[PDB]
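Data block below; observations after.
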Amino acid sequence: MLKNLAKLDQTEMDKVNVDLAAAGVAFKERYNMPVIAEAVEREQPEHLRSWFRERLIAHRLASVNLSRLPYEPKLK
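For the sequence shown, position 58 matches number 58 in PDB author numbering, and the numbering has no gaps at all.
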């Protein structure tokens, strides 16, 4: 109703944060700069290891697409 703590929930955002790390691993194409597949993997809590894996496919799509919607202008 008001308290809304259940929304921000450290676990809720934990889940969202893990994907970002996964995306970072997709920066392995950009391995012309430093990317540690070990680190990202180990940064993700083994508990939800599957989540990293599943998200990895998602981030693979997002890596190969290139698009991703960067900055660009585009304003009404």
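Just so you know, even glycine gets a beta-carbon here, dropped at the ideal spot from N, CA and C.
Kindly indicate which three-state DSSP category residue i falls into: helix, strand or coil?
i	result
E38	helix
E72	coil
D9	coil
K15	helix
What separation, rounded to the nearest whole angstrom, lies between the Cα atoms of residue i and residue j?
i	j	result
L66	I57	14 Å
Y71	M1	35 Å
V25	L75	31 Å
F27	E12	24 Å
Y31	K3	44 Å
I'd like to confirm something about residue i: is its beta-carbon nearer than 7 Å to some heavy atom of the ligand ZN, or not?
i	result
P45	In terms of ligand content, the structure shown is empty, and the ligand ZN therefore cannot be addressed.
Can you tell which of the options has its C-alpha closest to the C-alpha of residue i?
i	options	result
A23	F52, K76, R49, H59	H59
I'd like to check one pair, residue j with residue i: are the Cβ atoms closer than 8 Å?
i	j	result
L48	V18	yes
residue 128	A62	Examination of residue 128 is not possible in this model, given that the chain is present from 1 through 76 alone.
Practice task
Would you check if the segment 8-16 and the segment 32-44 touch, i.e. whether three or more CB-CB distances between them fall below 8 Å?
Solution key: no
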